Structure formats: C-alpha cells, structure tokens
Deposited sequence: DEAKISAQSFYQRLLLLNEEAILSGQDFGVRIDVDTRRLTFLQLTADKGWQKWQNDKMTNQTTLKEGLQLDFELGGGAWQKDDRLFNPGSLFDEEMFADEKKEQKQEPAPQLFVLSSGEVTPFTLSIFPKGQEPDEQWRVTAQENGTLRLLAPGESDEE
C-alpha cells in the first residue's frame, strides 16, 4: 500500500520516460540504487553523457520511504541486492543507468520489486518491462 503507491509512482514515471523518448527522439534511462533505495531518471546528452533529466513534467530522483525496500532483476537474471542489512560504505551522505529507455520505444527487460523491510522481493508489488516490450504493474502474488 505504501508499496503499492511507490510501485504506481515508478510505473507512471517509466511510462512517461518511454513516451518522452518516443516524442523527442532522445534516449533516457533509469538508475536503480538498491542500497540507498533510490531511482534516478537520466537523459543521455552528447556533452555531459548521462545526466539527471531536468524537466517540467516529473522529479528526476525518488527515494523510498523508511520501511520499504527495493530490488531488481535484469531480464532472466538473479535479484541484484545482496543479503546485508546495510552496506557499511553506502551509509554516508552520473553513474550510468541499468535500464535504457530508447527513442525506438525499446526498454531494457527488467523487474523492479518494492516491498516492506523484512521480506524478500519475490512476487511483491512489481513493475516490469517484458521481453516483448510491454510495461506492466504487478500486484503481490500475481504471475508473470
């Protein structure tokens, strides 16, 4: 529910980014930082490479509220987050995105899972870009 809202947020942002790429002919991307529970929305630029997308449609970085976690898998791969409660180097207060959102409309196949702390990522609230191109929001327990 806090997880649901967060999943909807990401789904809305991803669809808008996909739309922007198609409309503008520019390439975009999403960087997932599992240790800081952050999602960053990036634009590829010739002069500066990947940068946070400065825009008048949506914020370009979101961080999950306390009590929620996230994890991700790329295509058919394993979940990316390790089992540590915290990364002792990350505690202290652009890197390229793992998800490319291209102007052709193609999106890197992936699954992002958002969930309460204490739980595993499997079959949680999920947003996925399927091998066939479809973007989907999945509820907990929902297949595929």
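In this entry, the deposited residues absent from the coordinate set span 94 to 106, 158 to 159.
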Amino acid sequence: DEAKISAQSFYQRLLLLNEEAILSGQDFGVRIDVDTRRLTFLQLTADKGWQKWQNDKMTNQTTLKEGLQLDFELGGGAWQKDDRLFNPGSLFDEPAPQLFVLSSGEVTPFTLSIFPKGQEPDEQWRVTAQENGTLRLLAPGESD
From here on, numbers count along this sequence of modelled residues.
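Remark: stretch with higher mean C-alpha B factor among 48 to 56 and 22 to 30 is 48 to 56. Stretches compared: 74 to 82, 36 to 44. Higher mean C-alpha B-factor in the entry: 74 to 82. Ranking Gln61, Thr111, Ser90, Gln98 by the C-alpha B-factor listed in the PDB entry places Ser90 at the top.
Highest CA B-factor among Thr128, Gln124, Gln12, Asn132, as stated in the entry: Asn132.
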